[PDB]
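Below is one structure, written out as structure tokens, with a few remarks after it.
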Amino acid sequence: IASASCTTXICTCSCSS
Amino acid sequence: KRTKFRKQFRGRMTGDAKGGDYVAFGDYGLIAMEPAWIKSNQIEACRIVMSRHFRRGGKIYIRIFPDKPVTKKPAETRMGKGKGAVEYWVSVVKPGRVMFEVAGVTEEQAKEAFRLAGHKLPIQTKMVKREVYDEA
Amino acid sequence: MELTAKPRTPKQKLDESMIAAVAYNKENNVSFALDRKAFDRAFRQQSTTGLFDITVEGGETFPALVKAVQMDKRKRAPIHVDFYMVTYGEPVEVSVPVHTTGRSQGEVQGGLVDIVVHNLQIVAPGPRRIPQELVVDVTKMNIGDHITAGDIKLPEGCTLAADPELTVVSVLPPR
Amino acid sequence: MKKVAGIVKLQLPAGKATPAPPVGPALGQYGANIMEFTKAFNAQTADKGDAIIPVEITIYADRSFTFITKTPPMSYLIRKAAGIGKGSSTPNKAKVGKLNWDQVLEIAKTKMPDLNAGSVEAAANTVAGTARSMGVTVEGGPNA
Amino acid sequence: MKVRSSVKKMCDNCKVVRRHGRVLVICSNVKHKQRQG
RNA sequence: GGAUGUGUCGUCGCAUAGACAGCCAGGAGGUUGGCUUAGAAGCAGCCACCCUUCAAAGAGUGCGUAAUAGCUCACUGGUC
């Protein structure tokens, strides 16, 4: 339900670009 | 498990199986190879175990109900008469007998449905299958 | 099956792998004692709807059907047997096994088909041509479909000894 | 930002932009621009608007990246072809529906550059098994 | 090491060996390392 | 209760028209199968486990991740 970088369907994940 | 109504007490003695057929109600079955006293609560221990391994079909037969009241030490004494009508209930299995016999699940899904079910019994048992044709 | 001896004393075998039977009809009720293993590998197939050559030591081929075998407890091992010499036009009545075939419309559905009665005995079989089995439908069967003897097709001639309306099988539900 | 390449596949929907759960870090954390994707990809998602087409990617490095679109979800239009917008719990106990072979002509007419099967019948019976276990019946066939 | 009375395989690597008068379990995975003694 | 510790009887079994274990190489496309989920793609859990090609390669062993992925298996050929 929360994290940074780490799921497929709600919205977090990780980070950069 | 427990019987519904009766007399109350008993005794104790032994001689090998006498009315534990073989095939009947199933394709696979478990047989006890030693003279024991199956505690009702050691049956539940099987049934349930056996269930889990299966999901549905419920092709499990427990043809060994507990017709036998046992007793106990009220705490210690000795000065009084017979005791503990309610310690628990037992079902005397004898060699060759058939407590279990699932039917319908895979040969394997049957050799595990017992393995486990056998790990909680006071004696040694082996599984069986067919060619059992005495009376029908 | 070459059984040879037949004395009342089974010593000379009880150790030596050898079963001990007896066969008859009403005429001769000859004493018998065949080989364990042989019969052990034998009866398997033919069961009790299977007749085999009985050339007792001396050369006298005989015909008979498996009557009643009483095996050891504690040991699925068998000990005694009964052979009922085949007749010609009538043996008596026999015990025939119920068999399922083709996936049932109950299995996949949500339940499992159960065979209430395993083997089944029918009046008169007719010696020379006696069903060593009995395939049966199951497919149609759905959510609590009972099939009785008065349903199963019959092998041209044989008559059902078992009550017809009797549940030979029935698709069992889940749980 | 650096020199690192290789490949990475995915399955982003058709006419829909990706915020952060489809890409963002997903492949963004490799030196690849999404903005320049929310439009490039979702551009051709137009002909095939309404679905989740499958799309491979290919990294070189820097601010470089490619992509190849494929065939979209045909589960959508089918649901729309029996009035049901959500798959079946049990496909063999409670089924969704049934169809005709005609629309099955176009199926193999878009899925072609994927289907490597033999000749026609080949892929005519491949989609059967698929249709088979999703939850639908095969109309017509042998003899009759 | 896992000294258990009931020593038995735990995956297709558990190589049940008989070293000095003892029954053991060398498995690619170590937590699988068993040994009655 | 456990274990390729030895002795002896029985059962399948599978097999120079060249198996088992070893080895080089392969491995499928549908499909991240449908179903379910915040997502799970051979591998948390229902349903099934069909199709195509082939010498082959099974909607699937287990390990592994937030699923991906990666790593091997069952099936295939040559070397003995």
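Just a few scattered comments:
- Remark: mean inter-chain Cβ contacts per residue of B:126-133 equal 4, using a 10 Å Cβ-Cβ cutoff to other protein chain atoms.
- Translational diffusion of region D:1-70 was estimated from the Stokes-Einstein equation, with Rh taken as the Kirkwood radius over Cα pairs; at 25 °C and 0.890 mPa s the coefficient is 202 µm²/s.
- In chain C, helical runs assigned H by DSSP with n ≥ 4 each contribute -39500 (n - 2.57); averaged across all residues and rounded to the nearest 500, the mean residue ellipticity at 222 nm is -1500 deg cm²/dmol.
- Against the empirical 2.2 N^0.38 Å (N residues), region C:87-175 has a Cα radius of gyration ratio of 1.18.
- Of D:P54, D:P13, D:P22, the one that fluctuates the most in a GNM where chain D has Cα springs shorter than 10 Å: D:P22
- Projected-area average for region B:18-136 over all orientations - Cα convex hull basis, square nanometres: 8.8
- Förster radius 25 Å - calculated FRET efficiency between D:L115 and C:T139 (Cβ-Cβ, nearest 0.05): 0.10
- Spatially proximal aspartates and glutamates relative to B:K129 (Cα-Cα < 20 Å; intrachain offsets below 8 disregarded): B:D21, B:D27, B:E34, B:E101, B:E107, B:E108, B:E112, C:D40, C:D72, C:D114, C:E133
- D:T126 paired with E:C11, simple spin-label distance in nm, labels 7 Å along Cα-to-beta-carbon: 3.6
- Spin-label pair D:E56-C:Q105: with each label point 7 Å from Cα along the Cα-Cβ axis, the two points sit 4.7 nm from one another.
- Region D:71-144 - Kirkwood radius from inverse mean 1/r over Cα pairs (Å): 13.3
- Values of log10 I(q)/I(0) for region C:75-135 across q = 0.24, 0.25, 0.30 Å⁻¹ run -1.03, -1.06, -1.21, by the Debye formula with one identical scatterer at each alpha carbon and no solvent.
- Spread of Cα-to-Cα distances over 10 Å intervals beginning at zero, given as percent, for region C:1-86: 17, 57, 24, 2
- Pairs of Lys residues in chain C that lie 8 or more places apart, or on two chains, and have C-alpha atoms under 30 angstrom apart add up to 23.
- Computed on region C:45-132, with alpha-carbon pairs under 8 angstrom and 6+ residues apart, the relative contact order is 28 percent.
- Estimated translational D of chain D in µm²/s (Stokes, Kirkwood radius over Cα pairs; 37 °C; 0.692 mPa s): 187
- Model label sites at A:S14 and C:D40, defined 7 Å from Cα along the beta-carbon direction, differ in position by 6.5 nm.
- Cα point-scatterer Debye curve for region B:31-78, base-10 log of I(q)/I(0) at q = 0.19 Å⁻¹: -0.77
- Förster-model FRET efficiency, 60 Å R0, D:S89 and C:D15, C-beta, rounded to 0.05: 0.40
- Under 18 Å of direct C-alpha separation, and excluding same-chain neighbours fewer than eight residues apart, D:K70 reaches these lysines: D:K9, D:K16, D:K39, D:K48, D:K109, D:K111.
- Qualifying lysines (Cα of each under 22 Å from Cα of E:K15; at least 8 residues distant if same chain): E:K2, E:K31, E:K33
- The alpha carbons of the protein assembly as shown stretch over 100, 79, 55 Å along the principal axes, in descending order.
- A P(r) calculated from all alpha carbon pairs of region C:128-172, with 10 Å bins opening at zero, reads 25, 51, 20, 3 percent.
- Using a Förster distance of 56 Å, the FRET efficiency for E:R35-D:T137 (Cβ separation, nearest 0.05): 0.45
- Rg to Rh quotient for chain C, alpha carbon positions, Kirkwood Rh: 1.08
Every number in this text was worked out from the coordinates using simple rules, so none of it is lab data. All Cβ positions, even for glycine, are placed from backbone atoms using ideal geometry, and neighbour counts span all protein chains on display.
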